[PDB]
Amino acid sequence: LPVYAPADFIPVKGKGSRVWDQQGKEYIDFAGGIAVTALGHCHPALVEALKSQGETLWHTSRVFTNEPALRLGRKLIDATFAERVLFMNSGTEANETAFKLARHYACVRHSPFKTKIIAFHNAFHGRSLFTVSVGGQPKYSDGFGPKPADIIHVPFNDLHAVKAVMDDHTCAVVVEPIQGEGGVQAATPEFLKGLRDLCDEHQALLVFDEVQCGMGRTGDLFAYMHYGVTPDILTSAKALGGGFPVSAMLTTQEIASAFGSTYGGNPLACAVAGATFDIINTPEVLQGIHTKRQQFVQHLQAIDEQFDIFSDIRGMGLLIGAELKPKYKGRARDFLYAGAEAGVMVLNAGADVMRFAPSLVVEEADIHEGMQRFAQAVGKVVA
Amino acid sequence: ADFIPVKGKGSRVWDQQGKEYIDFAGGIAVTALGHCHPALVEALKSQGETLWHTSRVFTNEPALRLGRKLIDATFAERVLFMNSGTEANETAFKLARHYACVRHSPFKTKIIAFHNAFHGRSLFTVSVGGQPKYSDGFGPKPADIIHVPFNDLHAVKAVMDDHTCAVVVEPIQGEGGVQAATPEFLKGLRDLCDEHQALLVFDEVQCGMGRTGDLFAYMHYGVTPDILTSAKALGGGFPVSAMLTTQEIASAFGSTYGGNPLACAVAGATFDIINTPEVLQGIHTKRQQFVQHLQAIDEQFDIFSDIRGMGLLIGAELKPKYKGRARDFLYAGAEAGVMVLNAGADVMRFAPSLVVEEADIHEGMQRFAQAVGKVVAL
Ligand SMILES: Cc1ncc(COP(=O)(O)O)c(/C=N/OCC[C@H](N)C(=O)O)c1O
Ligand SMILES: Cc1ncc(COP(=O)(O)O)c(/C=N/OCC[C@H](N)C(=O)O)c1O
Ligand code: NA
Ligand code: NA
């Protein structure tokens with residue numbers, strides 16, 4: 001079942017980690033619009049970037065570059081393995097470009113028959129026909145007519161299964177370093193390094209979808225940096241624009257040459273993403289993400305001590321998953337709705353897992369107040 | 001291109017050296033109210049202080065208001081918002097497929113589309129697009145897409161059957177040489193879709209939101225599609241898009257779905273201006289100003305075989321002597337200080353602001369005449 005807000009919960013205003021609806025009810029936001037508003041609502045630096053670029057230039061076509069795109073590209077190139085950056089609007093679009101690029105690179109550099117894409121059960125990569133087919137939930141890709149072929153799914157974290165299906169006809173392995181929608185499941189170190197080794201062996205490209213786990217979410221700028229495994233292609237969105245739709249596909253010159261250092265990028269979007277990048281990619285903010293994770297986790301542990309609802313607390317940085325015990329299997333939506341009644345916005349990650357993806361700069365006072373509200377909601381659900 | 005735009009106001013653009021250009025390209029028919037239009041800047045700033053983002057779990061006031069405006073003004077009863085034309089087309093094509101699957105048969109999957117069509121660059125949309133060069137080389141394409149020539153109603157009749165789920169068409173093919181559907185072709189598509197229980201999908205990403213001098217091209221033609229997509233002009237430069245359909249069709253998936261609050265506030269302001277008698281009338285006045293200049297340029301330099309399009313989507317096809325050289329005129333245009341487009345290597349394309357000042361039409365077309373003069377003087 002999808003989760004939709006009823007007619008009496010329409011957000012009208014946000015500031016920091018607080019949201020107000022049409023009736024003026026105030027909520028603490030631990031959801032971030034699904035890990036998008038990584039610097040909270042109407043952050044003054046992002047508002048300033050939006051307004052100043054908004055007076056100057058909003059739009060160029062892909063025929064032109066613009067100063068905000070150039071500056072953002074340079075920032076991303078300097079901070080990561082990337083040598084080339086392509087900007088788009090959404091994570092779905094960035095993933096489309098990544099997957100097409102892996103396919104095309106294989107086609108032109110090796111063979112038109114080198115087409116297999118390996119992906120993982122419960123993966124989420126977007127809702128376009130190609131991306132949802134690479135995604136690992138057949139319920140979401142069924143019912144749209146013929147899917148793009150040569151996509152093979154195996155279980156996340158099953159390196160043996162990857163080894164078994166990979167071959168010289170394989171062009172890519174596509175993986176979320178942490179599967180956000182798929183129960184907040186993190187890759188193990190041996191699995192992710194194994195993917196890098198298998199891609200090297202088969203001359204396939206390793207594609208990291210960091211749309212959800214990138215741009216500071218894990219407490220490193222990108223999850224790949226936490227793991228110390230470098231992909232061939234990486235995608236980023238959501239937190240990248242802090243609520244403004246923007247995305248990026250990062251790769252090397254060698255790979256991008258199959259298709260300056262940057263291509264595309266809406267001037268307004270890139271100005272906002274530049275401001276977001278400048279704040280997130282700091283020692284102070286990245287350290288604070290770790291401090292804040294532990295504040296949330298301690299609250300979740302306290303709730304569990306009182307109410308006995310969780311079997312596991314997991315995730316990385318400020319992507320937090322809390323798996324419900326068997327006695328509460330399927331109840332994630334109910335805790336989410338009770339949370340909203342109590343004035344706190346949370347997420348699910350499937351029907352058995354609570355998910356939290358607050359602003360990376362969420363104030364300690366908001367953590368405590370929001371988690372008190374969530375405790376109150378838990379009390380109502382399990383009374 | 002050989003310059004970097006840094007600032008725009010209306011239909012004038014400045015580069016890093018402060019060189020002033022006249023913009024007849026609109027970032028490819030996107031900045032339909034020109035650069036930094038004060039109403040759009042005001043909407044951006046006001047919503048930008050209030051709320052930028054909601055997930056698809058929620059709606060928001062700008063999305064509800066924009067949905068209402070589009071529903072009241074068009075055949076639509078339901079509106080789904082996305083970021084780009086590509087995303088809106090993905091949603092439209094998936095919806096046509098899914099509707100056929102659940103309302104008729106899982107085997108009802110054929111999509112009919114047209115040679116030279118452009119629908120976006122995602123794997124699915126580029127495969128529905130009609131330029132094999134752009135869909136080749138990405139591995140297995142989504143199947144059950146058949147292409148026939150644009151404007152060939154006989155060919156559509158021949159390929160359509162009970163296993164057909166959709167006909168996808170741009171009422172005017174912008175990228176494909178600025179070719180307009182004939183009335184009998186477009187009406188014919190509606191009749192064949194009715195006969196075969198298929199959905200007629202109009203891609204109005206380029207020709208919609210006032211571009212033709214009607215709010216949507218379907219209104220010009222008087223042929224109502226089942227699904228329509230809109231983007232580009234809809235946000236005036238802010239990335240936003242919409243898929244418009246009926247309740248009966250949308251139910252295969254309240255009245256709106258999705259929509260970025262900031263994007264929808266900007267698009268609401270854009271909609272309010274474009275959907276006015278005066279702006280829509282002006283589009284026709286201005287088209288004739290452009291066309292008169294193109295005619296005078298042809299009288300002096302003898303370079304065009306045809307001037308076509310609708311409203312402020314203008315195509316000027318080059319004579320056989322200049323075939324393949326549209327890029328040469330585009331570059332000479334830029335040197336002369338005017339930003340124009342191509343529509344393939346044989347066609348010049350113009351897609352200026354719908355409110356482009358007459359002074360800018362005359363100045364930009366004088367610069368374009370200079371560019372043409374330079375190219376022809378050899
Ligand atoms: C790992 C990962 N990859 C790709 C995407 C798609 O990015 P988007 O198009 O920017 O939403 C996402 C986006 N998730 O957003 C929640 C889902 C969304 N509400 C939807 O179903 O479209 C993601 O988490
Ligand atoms: C009829 C029609 N349908 C869909 C699209 C795609 O819209 P977009 O994703 O908003 O660019 C377009 C976009 N055209 O943009 C011009 C070319 C484009 N920038 C490219 O190179 O992909 C269109 O004209
Ligand atoms: Na680098
Ligand atoms: Na209507």
Side-chain angles (χ1 to χ4, degrees), chain A residues 2-4 31-36 73 75-85 88-96 98-99 119-120 122-126 128 131-132 134-137 140 174-182 184 207-214 217 221-223 230 234-241 243-253 261 319 347-349 355 357, chain B residues 53-58 67 69-84 86-87 90-91 122 215-216 224 228 239 244-247 255 257-258 260:
Chain A
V3 178
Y4 293 120
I34 320 179
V36 172
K75 286 168 174 179
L76 284 163
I77 289 162
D78 284 348
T80 70
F81 77 94
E83 298 165 340
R84 296 293 184 266
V85 181
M88 300 292 311
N89 312 288
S90 67
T92 295
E93 288 180 329
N95 281 341
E96 282 277 350
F99 304 166
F120 301 93
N122 301 315
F124 184 77
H125 299 299
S128 68
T131 59
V132 83
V134 179
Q137 177 48 255
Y140 297 161
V174 176
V175 63
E176 299 159 82
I178 303 171
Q179 289 195 151
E181 304 299 318
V184 195
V207 180
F208 279 5
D209 173 350
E210 293 221 27
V211 167
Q212 190 172 151
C213 62
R217 181 55 53 186
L221 188 66
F222 288 100
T230 304
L234 179 143
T235 60
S236 177
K238 291 189 173 287
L240 182 61
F244 196 110
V246 64
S247 69
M249 185 280 301
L250 281 60
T251 192
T252 63
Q253 187 282 322
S261 300
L319 176 58
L347 298 165
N348 293 167
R355 172 170 52 149
Chain B
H53 183 261
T54 56
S55 74
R56 292 175 183 195
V57 168
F58 292 100
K69 288 167 176 185
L70 284 159
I71 287 162
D72 283 350
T74 71
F75 77 93
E77 301 168 331
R78 299 291 188 267
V79 181
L80 182 150
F81 296 112
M82 296 296 308
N83 306 290
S84 67
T86 293
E87 287 179 329
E90 281 277 348
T91 302
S122 70
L215 184 66
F216 288 99
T224 302
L228 176 149
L244 279 62
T245 191
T246 61
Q247 187 280 334
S255 292
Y257 181 74
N260 175 276

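No hydrogens, no waters, no symmetry mates; every other heavy atom, side chains included, goes into these values. Just so we're on the same page: letters track the sequence lines, and every chain starts at 1. Whatever order the structure lists ligands and atoms in, that order sets their numbers, starting from 1.
Only side-chain heavy atoms of A:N95 come within less than 4.0 Å of ligand 1; its backbone N, CA, C and O stay farther off. The residue A:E93 has no part lying near ligand 1, judged by heavy-atom distances below 4.0 Å. If you look at A:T92 next to ligand 1, the close heavy atoms, those under 4.0 Å, come from the backbone and the side chain alike.
Considering only residues two or more places apart in sequence or on other chains, A:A349 meets the side chain to side chain contact (heavy atoms under 4.5 Å, CB included) condition with A:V184, A:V353, A:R355. For B:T54, the side-chain hydrogen bond (donor to acceptor under 3.5 Å, both in side chains) criterion is met by B:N60, not counting sequence neighbours.
Look at B:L70 and the Na ion (ligand 4): no N/O/S atom of the residue is under 3.0 Å from the metal. Metal site remark for the Na ion (ligand 3): A:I77 contributes an N, O or S atom at a distance under 3.0 Å. For residue B:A73, no N/O/S atom approaches the Na ion (ligand 4) to within less than 3.0 Å.
Between A:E93 and A:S247, the side chains place no donor N or O within less than 3.5 Å of an acceptor N or O (distance only, hydrogens not considered). For A:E96 and A:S128, the side-chain atoms include at least one donor-acceptor pair closer than 3.5 Å. With 3.5 Å as the limit, one finds a donor-acceptor pair spanning the side chains of A:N95 and A:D209.
By the 3.5 Å distance cut-off applied to N or O atoms, A:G91 is counted among the residues near ligand 1.
Atom-to-atom distance recorded for A:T80:OG1 and A:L250:CG is 4.5 Å, nearest 0.5 angstrom. Atoms CZ and OG1, on B:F75 and B:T224 in that order, are 7.5 Å from each other to the nearest 0.5 Å.
To the nearest 10 degrees, the angle centred on the Na ion (ligand 4) between O in B:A76 and O in B:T74 reads 100°.
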Problem set entry | Test ring-ring contact (aromatic ring centres under 6.0 Å, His included) applied to A:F99 and A:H125, step by step | CA-CA 10 Å; A:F99 304 166; A:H125 299 299; 5.7 Å; yes
Problem set entry | side chain to side chain contact (heavy atoms under 4.5 Å, CB included) between A:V175 and A:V207, worked out | CA-CA 6 Å; A:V175 63; A:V207 180; over 6 Å; no
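Near A:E181, with a cut-off below 4.0 Å to any heavy atom, the atoms of ligand 1 are 16 (C). Proximity to A:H125 (heavy-atom distance under 4.0 Å) selects the following atoms of ligand 1: 3 (N), 4 (C). Residue A:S90 has at least one heavy-atom neighbour below 4.0 Å for each of these atoms of ligand 1: 9 (O), 10 (O). Taking every non-hydrogen atom of A:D209 and a distance limit under 4.0 Å, the qualifying atoms of ligand 1 come out as 1 (C), 2 (C), 3 (N), 4 (C).
Evaluated by nearest non-hydrogen atom to atom 14 (N) of ligand 1, the leading choice among A:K238, A:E210, A:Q212, A:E176 is A:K238.
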